[PDB]
Amino acid sequence: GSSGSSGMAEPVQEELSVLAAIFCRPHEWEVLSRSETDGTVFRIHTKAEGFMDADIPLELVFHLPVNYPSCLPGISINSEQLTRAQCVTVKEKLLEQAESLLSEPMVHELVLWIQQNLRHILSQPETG
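Remember, the numbering used here sits 4 above the position in the sequence shown when you count from 1.
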């Protein structure tokens with residue numbers, strides 16, 4: 005067991021642990037710094053089915069503030085392949101979606117979401 009009793013949060017906790025199962029990898033699942041109330045910040049690397057049966061390196065950094073879910077999580081998209089604009093586009097979407105996924109665990113979904121709707125989001129020709 006553990007020393008004492010630490011219950012930072014019921015949902016926030018389960019949502020964090022439950023995730024350690026999907027990845028269950030020390031390389032795929034990495035948490036920079038996590039606190040009880042001060043907040044919880046972790047950066048996990050994920051890979052999608054690319055566009056041609058290939059795996060593209062994606063950087064999804066989800067942050068759980070003290071207001072959350074009240075407040076939206078801090079997402080940061082960054083790919084060594086994609087450009088500075090593309091990465092920005094991917095995020096914009098994630099954030100927009102998160103809104104509707106408020107008061108709910110959007111850290112797990114957002115992932116399985118972009119992993120599939122990757123080529124879709126990337127295919128967004130803007131006027132200008």
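We put the beta carbon where it would ideally sit given N, CA and C, even for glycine.
Please report how far the alpha carbon of residue i lies from the alpha carbon of residue j, in whole angstroms.
i           : j           : result
residue 89  : residue 23  : 29 Å
residue 21  : residue 84  : 28 Å
residue 54  : residue 70  : 35 Å
residue 25  : residue 116 : 14 Å
residue 57  : residue 8   : 48 Å
residue 72  : residue 131 : 35 Å
residue 18  : residue 11  : 11 Å
residue 103 : residue 111 : 12 Å
Please state whether the Cβ-Cβ distance between residue i and residue j is less than 9 Å.
i           : j           : result
residue 68  : residue 80  : no
residue 106 : residue 76  : yes
residue 30  : residue 49  : no
residue 38  : residue 46  : yes
residue 52  : residue 101 : no
residue 98  : residue 114 : yes
Please state the DSSP three-state secondary structure of residue i.
i           : result
residue 35  : coil
residue 75  : coil
residue 53  : coil
residue 60  : coil
residue 29  : coil
residue 93  : helix
residue 125 : helix
residue 102 : helix
residue 13  : coil
residue 21  : helix
Going by DSSP, what residues sit across from residue i in a beta bridge?
i          : result
residue 65 : 47
Kindly indicate which residue of the options has the alpha-carbon position closest to the one of residue i.
i           : options              : result
residue 14  : 129, 109, 91 and 125 : 109
residue 128 : 115, 112 and 91      : 91
residue 33  : 118, 66 and 98       : 66
residue 126 : 95, 99 and 114       : 95
residue 123 : 40, 59 and 103       : 59
residue 16  : 87, 41 and 103       : 41
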